[PDB]
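Novice: Residue numbers (PDB author numbering): 4 to 125, 127 to 261. Here a beta-carbon is modelled for each residue, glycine too, at the ideal position from N, C-alpha and C.
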Ligand SMILES: CCc1cc2c(cc1OS(N)(=O)=O)CC[C@@H]1[C@@H]2CC[C@]2(C)C(=O)CC[C@@H]12
Ligand SMILES: CCc1cc2c(cc1OS(N)(=O)=O)CC[C@@H]1[C@@H]2CC[C@]2(C)C(=O)CC[C@@H]12
Ligand SMILES: [Zn+2]
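1. In this structure, how does DSSP classify residue 208 when only helix, strand and coil are distinguished?
2. Spatial neighbours of residue 163 within its chain, please: C-beta separation below 8 Å, excluding the five flanking residues on both sides.
3. Check whether the Cβ of residue 94 lies closer than 8 Å to any heavy atom of ligand 2, and answer yes or no.
4. Have a look at 34, 201, 212 and flag the residue whose alpha-carbon is nearest the alpha-carbon of residue 13.
5. Secondary structure at residue 17, three-state DSSP: helix, strand or coil?
6. My guess is that residue 183 and residue 151 are in contact by the Cβ rule of under 8 Å, so how many angstroms apart are they, rounded?
7. Using 10 angstroms around the beta-carbon of residue 30, count the other beta-carbons present and answer buried if the total reaches 16, otherwise exposed.
8. If we ignore side chains and look at the alpha-carbon of each, how far apart do residue 124 and residue 84 end up?
9. Classify residue 240 as helix, strand or coil using the three-state DSSP reduction.
10. From residue 111 to residue 249, what does the alpha carbon distance come to, in whole angstroms?
11. Okay, do the region 41 to 54 and the region 74 to 93 touch, 3+ Cβ pairs below 8 Å being the bar?
12. CA-CA distance, residue 154 and residue 243?
13. Express the C-alpha separation of residue 109 and residue 32 in angstroms, rounding to a whole number.
14. The beta strand (DSSP E) that contains residue 66, what's its start and end?
15. Out of 107, 67, 73, point me to the one whose CA is closest to residue 95's CA.
16. Once you ignore the five residues that flank residue 55 on each side, which residues in its own chain have a CB closer than 7 Å to its CB?
17. Does the region 231 to 247 come into contact with the region 204 to 216, if we say contact requires no fewer than three beta-carbon pairs (one atom in each stretch) closer than 8 Å?
18. By DSSP, does residue 114 sit in helix, in strand, or in coil?
19. So what's residue 2 in DSSP terms, helix, strand or just coil?
20. Quick check: does the Cβ of residue 141 come within less than 8 Å of any heavy atom belonging to ligand 2?
21. Express the C-alpha separation of residue 91 and residue 171 in angstroms, rounding to a whole number.
22. Taking the alpha carbon of residue 62 as the point to measure from, which residue in 229, 260, 258, 144 has its own alpha carbon closest?
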């Protein structure tokens, strides 16, 4: 099955998933000089006050914190988006070294990690139907750099010991994702895809310009997770990022001058 190794990594994915070579694949390099300010972009609205987390899961590629999305609680609206998108989960991508790990890049710069807050367009009724639509998902991407600790991340870091291996989960209630957000909501936006198989072209990407800082110890704990299941040979969960893909016939728009 697909993964991030030499024999099953991103350069192999197109064999099982030919859309890997499609017209709106993600991630991309954000060329800041070529991105254009768009006055038509409505204000961006991140409303997470009623977010209800449930569980944290090692999914074999990364780890994810899942939310109760059976009601309109935590939602993303505005910006480039038409309608309302509901938060279902967040997860991260990260490196084996601080100098790599992000999926998007900014003028070719790679960050240590990238947080993805995944939301689905409520007009499609549930997540599985939404991923079949060109405007089905909105993913808010946030870069992580290594510096000061992010206090709001520590509760996540400390439960990772309980989900070391693939398929392990743990209860994870009352976690507030507002503690993972930078000060500014200035962003770049473009139409793209999921960055793992099945690589569906269903995502409006909204990538924040301002990174959050996390500590070396916090990201080190990400790197102690395992891709493997319990009782299997240990494979450290690191470098679970897809590299930048061709921009093709797309323009990246900026929310800011
Ligand atoms: C990989 C594409 C895909 C993923 C998913 C579903 C359906 C999918 O499309 S498809 N075509 O049915 O396979 C349904 C459940 C989803 C799961 C992703 C992780 C989710 C969102 C959570 O965190 C909790 C609910 C989980
Ligand atoms: C649907 C959003 C999305 C979900 C997921 C990933 C990437 C995503 O796209 S992105 N990076 O936000 O564009 C990476 C790993 C995925 C995880 C969902 C649960 C999965 C499918 C499993 O159970 C095994 C693999 C797990
Ligand atoms: Zn992701």
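Specialist: If we stick to the structure as given:
1. Here residue 208 is taken as the residue at index 204 of the chain shown, counted from 1. Annotated three-state conformation of residue 208 is strand, per DSSP.
2. Counted from its first residue, the chain shown places residue 163 at position 159. Once the five neighbours on either side are set aside, the close Cβ partners of residue 163 are 59, 174, 176.
3. As a working mapping, residue 94 is identified with position 91 in the chain shown. Flag set: Cβ of residue 94 near ligand 2.
4. By 1-based counting over the chain shown, the position of residue 13 is 10. Nearest of 34, 201, 212 to residue 13, Cα basis: 201.
5. What you label residue 17 is simply residue 14 of the chain shown in a count that begins at 1. Here residue 17 sits in helix by DSSP.
6. The residue labelled residue 183 in the question sits at position 179 within the chain shown. The residue labelled residue 151 in the question sits at position 147 within the chain shown. The beta-carbon distance between residue 183 and residue 151, rounded to whole angstroms, is 17 Å. This is too long to meet the 8 Å contact definition.
7. As a working note, residue 30 is residue 27 in the chain shown. With 16 or more other Cβ atoms inside 10 Å of its own Cβ, residue 30 counts as buried.
8. Stepping through the chain shown from its first residue, residue 124 is reached at position 121. Stepping through the chain shown from its first residue, residue 84 is reached at position 81. Straight across, the Cα-Cα distance linking residue 124 with residue 84 is about 9 Å.
9. Start at 1 with the first residue of the chain shown, and residue 240 comes out as number 236. Residue 240 sits in a strand when the DSSP states are folded into three classes.
10. As a first step, residue 111 is located in the chain shown; it is residue number 108 there, counting from the start. As a first step, residue 249 is located in the chain shown; it is residue number 245 there, counting from the start. In this structure, the CA atom of residue 111 is about 12 Å from the CA atom of residue 249.
11. Contact holds: three or more Cβ-Cβ distances are below 8 Å.
12. In the chain shown, residue 154 corresponds to position 150, counting from 1. In the chain shown, residue 243 corresponds to position 239, counting from 1. Looking at the two C-alpha atoms, the distance is approximately 21 Å.
13. Along the chain shown, one-based indexing puts residue 32 at 29. Along the chain shown, one-based indexing puts residue 109 at 106. Looking at the two C-alpha atoms, the distance is approximately 6 Å.
14. For the purposes of this step, residue 66 is taken as residue 63 along the chain shown, with counting starting at 1. Bounds of the beta strand (DSSP E) holding residue 66 are 66 to 70.
15. Numbered from 1 along the chain shown, position 92 holds the residue referred to as residue 95. The shortest C-alpha separation from residue 95 is found at 67.
16. On the chain shown, residue 55 is found 52 positions in, with the first residue counted as 1. Closer than 7 Å at the Cβ level, and outside the excluded window around residue 55, lie 70, 71, 76.
17. Pairwise C-beta distances place the region 231 to 247 out of contact with the region 204 to 216, as fewer than three of them are shorter than 8 Å.
18. Within the chain shown, residue 114 is the residue found at index 111, counting from 1. In this structure, residue 114 counts as coil in the three-state DSSP scheme.
19. The displayed coordinates of the chain run from 4 to 261. Any statement about residue 2 would go beyond what the structure contains.
20. Within the chain shown, residue 141 is the residue found at index 137, counting from 1. With a cut-off of 8 Å, the C-beta of residue 141 is classified as near ligand 2, since at least one heavy atom of the ligand falls inside that distance.
21. On the chain shown, position 167 is the one that residue 171 refers to. On the chain shown, position 88 is the one that residue 91 refers to. Residue 91 has its alpha-carbon roughly 19 Å from the corresponding atom of residue 171.
22. For the purposes of this step, residue 62 is taken as residue 59 along the chain shown, with counting starting at 1. Checking every option, the nearest Cα to that of residue 62 belongs to 229.
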